[PDB]
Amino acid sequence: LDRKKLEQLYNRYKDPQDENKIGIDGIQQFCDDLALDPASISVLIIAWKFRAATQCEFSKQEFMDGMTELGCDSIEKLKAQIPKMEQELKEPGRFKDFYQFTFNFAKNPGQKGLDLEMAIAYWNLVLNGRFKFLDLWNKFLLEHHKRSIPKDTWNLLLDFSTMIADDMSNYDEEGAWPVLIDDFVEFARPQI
C-alpha cells in the first residue's frame, strides 16, 4: 500500500477548516466517487467496515485506519471490496454485528438511547425484507408514542425477527423479551 497515494486521496475529502476531519461535502464526495447514493445500505456497510463512531461524522483516524486494514490506497480498490462486504453480511452474526453497530452509529453521542423516528429510519433500511412485522412495529411505536429506543430493545428486535413465525404462535411470554417487544406481541396478535 502506497501511503503517499492514500494521504493525497484523504486530502480530496478532508474538511477545508479541519485537517483531522472529513466534512459533509467530503462524505458526499466519497459516496459519489464510490458511485453510491448517500441513502444506500452500502454507505452504512462502509461506515460499519470503517467502524465510524457516529453519523454525519468521519475522522482522519477512521479513514486512514479503515483504508489501511482493507489494503486500499485508491477508490477503485475500495469499490472492488463493496461486493465482498455484502457477501460477508449473508452470514448471521456478521449481520448481527452490523445491525447492532447501526444503533451506536445512529444515536447522539452522550445519549444512551436512540430517538424513535431515527430508529424507524434505520430499521426501514437494515430490516428491509427481513422482518415481516415491521409495518405493525413502526405503527405500534408511533401510536404508543415511545420517545426513545433502548439498546437491548433494538438488539433483541433482530432475535425476534429471526425467531418469530407468521402467526406469532412460537412466541414465548416467559422468554427474555423487553416490555416493548412483549407489548407489541399483545398489540399485534389480534391483527394477524
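The first residue of the sequence shown is number 1, and the count goes up from there.
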Would you tell me which stretch averages the higher CA B-factor in the PDB entry, 171-179 or 9-17? 171-179
Going by the entry, of stretches 138-146 and 151-159 the one with greater average Cα B-factor is 138-146
Looking only at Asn124, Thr68, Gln55, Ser40, the Cα with the top B-factor belongs to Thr68
Entry-reported C-alpha B-factor of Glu76 relative to its chain, by third, is highest
According to the PDB entry, is the CA B factor of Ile164 in the bottom, middle or top third of its chain, that is, lowest, middle or highest? highest
Ranked by Cα temperature factor within the chain, is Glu88 in the lowest third, the middle third or the highest third? highest
